[PDB]
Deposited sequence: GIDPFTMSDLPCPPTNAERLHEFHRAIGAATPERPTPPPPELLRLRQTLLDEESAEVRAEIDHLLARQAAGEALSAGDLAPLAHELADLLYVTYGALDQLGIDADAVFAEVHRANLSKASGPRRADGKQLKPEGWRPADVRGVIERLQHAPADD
C-alpha cells in the first residue's frame, strides 16, 4: 500500500534530503538540483529509446527482455519527478489525482460539457491546511 510518492519521502528521509510536510518555496539550490536530475534521467530515457529504434531499423526482433534498460530509465525519470514534488513539500498523489480527473473527464467528451481543467493551484492551497 505505499505509493511511489510515499516511497520518495522514505528515500529523502533516509539520505537526509529536505522533504517538507506541506508546500514550501525552495532555495535556488534545490531548484537547480531538481533541474539537473530531470535533464540527466530524461537524456538516459532518450538514449535507450534511440538504441531500440536503431536495433529495429536493422531488423532485430526485440524481446520483452530487450525493454529492461528503457523500463529502468523510465522508472528513474518517475523517481526524480516525484522527487522534485516531494522536496517542494507537495503531495504528488494529490496533484496527480487532479490532473487525472481532468484528463479522464475530457476523454468522456473532445470536451464534455461542464468540464473543468486541472486546478492545481487549488490543490496546493488545500495542501497548506493538511493535518
| query | finding |
| --- | --- |
| Sequence order list of spans that the model leaves without C-alpha positions, deposited numbering | 1-12, 122-129, 152-154 |
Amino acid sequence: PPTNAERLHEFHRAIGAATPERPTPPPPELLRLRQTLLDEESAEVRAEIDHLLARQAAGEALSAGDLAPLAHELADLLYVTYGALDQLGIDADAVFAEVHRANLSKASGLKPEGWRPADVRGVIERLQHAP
From here on, numbers count along this sequence of modelled residues.
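Whichever C-alpha set is largest while still superposing within 1.5 Å between the two forms counts as the rigid core.
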query: Larger mean CA deviation from the shown form in 4 other deposited structures of this protein [core fit; 52-60 vs 30-38]; finding: 52-60
query: Outlying stretch relative to shown form, 80-88 versus 98-106 in 4 other deposited structures of this protein, C-alpha RMS (core); finding: 98-106
query: Stretch with the greater mean C-alpha B-factor as recorded in the entry, comparing 2-10 against 120-128; finding: 120-128
query: Higher-B stretch (mean Cα B-factor, as the entry records it), 37-45 or 93-101; finding: 93-101
query: Member of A71, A64, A54, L31 with the greatest C-alpha B factor (per the PDB record); finding: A64
